[PDB]
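Chemist: For reference, the structure I am asking about is given below.
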Amino acid sequence: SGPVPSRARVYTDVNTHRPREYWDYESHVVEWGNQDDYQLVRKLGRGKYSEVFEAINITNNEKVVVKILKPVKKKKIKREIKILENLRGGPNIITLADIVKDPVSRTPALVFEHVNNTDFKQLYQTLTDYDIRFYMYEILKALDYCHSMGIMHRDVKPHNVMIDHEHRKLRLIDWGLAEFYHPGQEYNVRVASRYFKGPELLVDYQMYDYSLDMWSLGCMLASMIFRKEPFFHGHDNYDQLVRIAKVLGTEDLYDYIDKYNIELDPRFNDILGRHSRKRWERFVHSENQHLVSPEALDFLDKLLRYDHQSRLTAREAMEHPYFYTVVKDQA
Ligand SMILES: N#Cc1cnn2c(NC3CC3)cc(-c3nnn(CCN4CCCCC4)c3-c3ccc(=O)[nH]c3)nc12
């Protein structure tokens, strides 16, 4: 028979209770601003679906970030715009300032608030135990808010986390892969970058939910406290699952497959092997021990579970002893 269905443990029907317009992005009508309000200053980078620039809004002298899109299905641009508008003003969510189009080229561009970011390949190695808890807590506020609003980010990784360390300011960006959660919906598993993909994506289990973001968050926490980037270093999507199995063990994986009646791709049989569940101590050493504590390991263990239903929710994660000092300092 086929796979056993699943439903999100929390915020299951928040979209069902909303008016259709909230989540039916295919019928969203884009509100366009004036492209002449912005002047491109410099290129920040490119990508498969966009080129991004730093720009100046000449009507108020505000520094902005402009993401000029390459050909993308209009429903997907509508999805990103709709999600950004629904989440506007939410804790640590990037602000979509404007949406403009080149009148000649017909090329759309999304205009975002600017964050004076310090690239993670320099910032992360300088972070203290307290910095890691503080910033993890800030990401959790962004995830609990978007999940409570019926949205999964589906692309949580260091590149999508903008940090202005001088001002202790964090923003979760790039909502281009984000989706609305609907109970019973089967989603595309070809989402997220390889190292952050949850087991549900790797075994082709389509009835996933917000908990997908908690796995990616666990991958980020592990890379930060162990200074091991990436934490699960797969050569491809098949080997990515092997890398997780070598840490979490094959027994919990096969119990996960059996529980949801998942048909495993036959390629997996001869590569998964048999592996015991390792203890987190084998990743601890003299140069990372200052970031590792029993509460960091307890929290990590509760995020990195094969069974998406058994991972902490963003709200349960925020109540973890790992954040007691951050919570006390914010009060
Ligand atoms: N939204 C937003 C946003 C706010 N600030 N801010 C900054 N600030 C730093 C300039 C100080 C940079 C970027 C950015 N830089 N490169 N890329 C593109 C991806 N990059 C290409 C080079 C290699 C690594 C991946 C982006 C971006 C913007 C929007 C987006 O949706 N995805 C990504 N985005 C933002």
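Rundown of residues vs (1) under 24 Å from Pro3 (Cα atoms); (2) more than 15 Å from the ligand (Cβ to nearest atom); (3) under 12 Å from the mean Cα position of the chain (by Cα), yes/no style:
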| position | (1), (2), (3) |
| --- | --- |
| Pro158 | no, no, yes |
| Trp175 | no, no, yes |
| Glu186 | yes, yes, no |
| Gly198 | yes, yes, yes |
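Chemist: Right, here's the next one. I need the strands (runs of 3 or more DSSP E) fully contained in the stretch 46-148, keeping only those with at least 2 residues that are free of Cβ contacts under 8 Å to residues at least 24 places away in the same chain, surrounded by fewer than 18 Cβ atoms within 10 Å (Cβ to Cβ) and outside the structural domain of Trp175 (by CATH).
Modeler: On the way: elements: 50-57, 62-69, 96-101, 108-113.
Of the strands (runs of 3 or more DSSP E) lying wholly inside the stretch 46-148, those with at least 2 residues that are free of Cβ contacts under 8 Å to residues at least 24 places away in the same chain, surrounded by fewer than 18 Cβ atoms within 10 Å (Cβ to Cβ) and outside the structural domain of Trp175 (by CATH) span 50-57.
Chemist: Here's something else I'd like to know. For the stretch 128-148, indicate whether the set of residues that are within 10 Å of the ligand (Cβ to nearest atom) and either closer than 23 Å to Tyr195 by Cβ or not small (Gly, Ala, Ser) (or both) is non-empty.
Modeler: To start, the set of residues in the stretch 128-148 that are within 10 Å of the ligand (Cβ to nearest atom) comprises none.
No, the stretch 128-148 contains no residue that is within 10 Å of the ligand (Cβ to nearest atom) and either closer than 23 Å to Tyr195 by Cβ or not small (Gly, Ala, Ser) (or both).
Chemist: Separate question: In this structure, does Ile99 turn out to be under 14 Å from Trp32 (Cβ atoms) and touching an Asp or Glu at 6+ places or on another chain (Cβ under 8 Å)?
Modeler: On the way: under 14 Å from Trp32 (Cβ atoms): yes; touching an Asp or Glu at 6+ places or on another chain (Cβ under 8 Å): yes.
Taking the combined requirement at face value, the residue satisfies it.
Chemist: Moving to a separate point now. Being among the charged types (D, E, K, R), outside any helix (DSSP H, G or I) and without any contact (Cβ under 8 Å) to a residue 24 or more places away in the chain is the filter here; which residues of the stretch 1-40 pass it? Steps first, answer last, please.
Modeler: Let us first name the residues in the stretch 1-40 that are among the charged types (D, E, K, R), namely 7, 9, 13, 18, 20-21, 24, 26, 31, 36-37.
Checking which are outside any helix (DSSP H, G or I) leaves us with 7, 9, 13, 18, 24, 31.
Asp24 - this is the single residue of the stretch 1-40 that is among the charged types (D, E, K, R), outside any helix (DSSP H, G or I) and without any contact (Cβ under 8 Å) to a residue 24 or more places away in the chain.
Chemist: Which of the residues that make up the stretch 217-264 are more than 30 Å from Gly2 (Cβ to Cβ) and assigned to a helix (DSSP H, G or I)?
Modeler: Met220, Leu221, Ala222, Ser223, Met224, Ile225, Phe226
Chemist: Would you be able to tell me the number of residues in the stretch 105-120 that are under 21 Å from the mean Cα position of the chain (by Cα) and more than 26 Å from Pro294 (Cα to Cα)?
Modeler: Number of matching residues: 10.
Chemist: Only one residue in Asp209, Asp164 is in contact with a strand residue (DSSP E or B) (Cβ under 7 Å, 6 or more places away or on another chain) and touching a residue at least 24 places away in the same chain (Cβ under 8 Å), so which one is that? Break it down stepwise before answering.
Modeler: Working: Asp164 fails: in contact with a strand residue (DSSP E or B) (Cβ under 7 Å, 6 or more places away or on another chain).
Only one candidate passes the filter, namely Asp209.
Chemist: Also, I was wondering about something else. More than 16 Å from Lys101 (Cβ to Cβ), away from the ligand (no atom under 12 Å from the Cβ) and of a type in the set (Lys, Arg), is that true of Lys63?
Modeler: Numbers: more than 16 Å from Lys101 (Cβ to Cβ): yes; away from the ligand (no atom under 12 Å from the Cβ): no; of a type in the set (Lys, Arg): yes.
Considered against the rule, which asks whether it is more than 16 Å from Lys101 (Cβ to Cβ), away from the ligand (no atom under 12 Å from the Cβ) and of a type in the set (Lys, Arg), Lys63 comes out as no.
Chemist: Tell me yes or no: at least one residue of the stretch 149-156 is touching a residue at least 24 places away in the same chain (Cβ under 8 Å), in the same structural domain as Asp329 (by CATH) and within 12 Å of the ligand (Cβ to nearest atom). Spell out how you get there, then give the answer.
Modeler: To start, the set of residues in the stretch 149-156 that are touching a residue at least 24 places away in the same chain (Cβ under 8 Å) comprises 149-156.
Now restrict to residues that are in the same structural domain as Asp329 (by CATH): 149-156.
Of the ones still in play, those that are also within 12 Å of the ligand (Cβ to nearest atom) are 153, 155.
The answer is yes, given that some residue of the stretch 149-156 is touching a residue at least 24 places away in the same chain (Cβ under 8 Å), in the same structural domain as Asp329 (by CATH) and within 12 Å of the ligand (Cβ to nearest atom).
Chemist: While we're here: Inspect all residues belonging to the stretch 41-58 and state whether any of them is of a type outside the set (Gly, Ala, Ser), closer than 29 Å to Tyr205 by Cα and within 14 Å of the ligand (Cβ to nearest atom). Quick ask: steps written out before the conclusion?
Modeler: The initial filter retains those residues of the stretch 41-58 that are of a type outside the set (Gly, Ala, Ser), namely 41-44, 46, 48-49, 51-54, 56-58.
Checking the rest, the ones that are also closer than 29 Å to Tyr205 by Cα come to 48-49.
Pick out the ones that are also within 14 Å of the ligand (Cβ to nearest atom) and you get 48-49.
Within the stretch 41-58 (the criterion being of a type outside the set (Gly, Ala, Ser), closer than 29 Å to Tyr205 by Cα and within 14 Å of the ligand (Cβ to nearest atom)), the answer is yes, since at least one residue qualifies.
Chemist: Another question about this same structure. Taking the residues in the stretch 311-322 that are touching a residue at least 40 places away in the same chain (Cβ under 8 Å) and within 20 Å of the chain's Cα centre (by Cα) as candidates, determine which candidate is farthest from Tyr210 (Cα to Cα). Outline the logic, then answer.
Modeler: Restricting attention to the stretch 311-322, the residues satisfying the condition of being touching a residue at least 40 places away in the same chain (Cβ under 8 Å) are 311-315, 317-318, 322.
Pick out the ones that are also within 20 Å of the chain's Cα centre (by Cα) and you get 311-315, 317-318.
Details: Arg311: 10, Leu312: 11, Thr313: 8, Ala314: 9, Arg315: 12, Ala317: 13, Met318: 15 Å.
By that ranking, first place goes to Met318.
Chemist: Looking at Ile257, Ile271, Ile225 in this structure, which one is surrounded by 13 or more Cβ atoms within 10 Å (Cβ to Cβ) and either over 30 Å from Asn92 (Cβ atoms) or not assigned by CATH to the domain that holds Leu202 (or both)?
Modeler: On the way: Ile271 fails: surrounded by 13 or more Cβ atoms within 10 Å (Cβ to Cβ); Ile225 fails: either over 30 Å from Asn92 (Cβ atoms) or not assigned by CATH to the domain that holds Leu202 (or both).
On inspection, the qualifying residue turns out to be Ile257.
Basis: the model, the stated rules and, where named, an outside source; these are not laboratory values. When we count neighbours, we look across all protein chains shown, and the Cβ atoms used for this are built from the backbone with ideal geometry, even at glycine.
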